[PDB]
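Form deposited without the partner chain, single chain, as structure tokens, below.
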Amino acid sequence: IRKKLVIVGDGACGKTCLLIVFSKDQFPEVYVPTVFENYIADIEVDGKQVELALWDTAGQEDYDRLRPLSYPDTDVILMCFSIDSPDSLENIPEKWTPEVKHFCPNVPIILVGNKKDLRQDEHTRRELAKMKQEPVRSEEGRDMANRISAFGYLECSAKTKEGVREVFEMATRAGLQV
């Protein structure tokens, strides 16, 4: 069984690192902004073996014209934001949802808060407070998932690996329903 998974969300929100930690079980140390990329992952969930094609896309606005080339025949969307960037969450209904609903009507969307490790990081908290900001609250993420009619809401850290396996378990489960 093969499923196509596409990942989308603001530049630097952690999409590539999430994909590669799961697929290669290594955190990529060099940050290379994505135009497009592709990885395979194997997963066994609930006694079922599935092969995932992981379609990586550009977060950057400069590659908006190329990004719809990733959308055909998608089984599940991972729509990401970063927990250290309230701006990335605001972009969910303003940018990512209208695009994904346009090109992928009826494809299940999992809303994913990335970089969960930064929520309790004191250095992050203090930097954000200088800007009158704080890490995204889980509640804000859940409220957004309900607003955009997501299939599910999850948080993870590719850096620590927390919640990473669950992201792809839920994605595979969404994938298995059409």
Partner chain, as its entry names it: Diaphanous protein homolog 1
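Residue numbers count along the first chain shown, from 1.
*Asks:* As stated in the PDB record, which stretch has the larger average Cα B-factor, 111 to 119 or 62 to 70?
*Replies:* Looking at the record's C-alpha B-factors, the answer is 62 to 70.
*Asks:* Decide which of the stretches 137 to 145 and 122 to 130 has the higher mean C-alpha B-factor, going by the entry.
*Replies:* Higher mean C-alpha B-factor in the PDB entry: 122 to 130.
*Asks:* Select one of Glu155, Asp10, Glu166, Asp25: the residue whose C-alpha shows the highest B-factor in the crystal structure entry.
*Replies:* Highest C-alpha B-factor among the listed residues goes to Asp25.
*Asks:* Reading the B-factor column of the entry, which of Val32, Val45, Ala150, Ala53 has the highest value at its C-alpha atom?
*Replies:* The record points to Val45.
*Asks:* If you rank every modelled residue in this chain by C-alpha B factor, which third holds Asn106: lowest, middle or highest?
*Replies:* It belongs to the highest third of the chain when residues are ordered by C-alpha B-factor.
What comes next is about the form deposited with the partner chain bound, which does not appear here.
*Asks:* Is the gap between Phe27 and the partner chain in the entry with it bound 4.5 Å or less for some heavy atom pair?
*Replies:* Judged by the heavy-atom cut-off of 4.5 Å, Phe27 is well away from the partner chain in the entry with it bound.
*Asks:* Taking any heavy atom pair closer than or equal to 4.5 Å as contact, tell me whether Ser138 reaches the partner chain in the entry with it bound.
*Replies:* Residue-level check for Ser138: no, no contact with the partner chain.
*Asks:* Using a 4.5 angstroms cut-off on non-hydrogen atoms, would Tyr153 count as touching the partner chain in the entry with it bound?
*Replies:* It does not: once the partner chain is placed as it appears in the entry with it bound, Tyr153 has no heavy atom within 4.5 Å of it.
*Asks:* Give a yes or no for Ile40: in the entry with it bound, does one of its heavy atoms lie within 4.5 Å of a heavy atom belonging to the partner chain?
*Replies:* So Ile40 does not count as contacting the partner chain.
*Asks:* Is the partner chain close enough to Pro98, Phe103 and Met131 in the entry with it bound that each of the three has a heavy atom within 4.5 Å of it?
*Replies:* Answer is yes for this spot.
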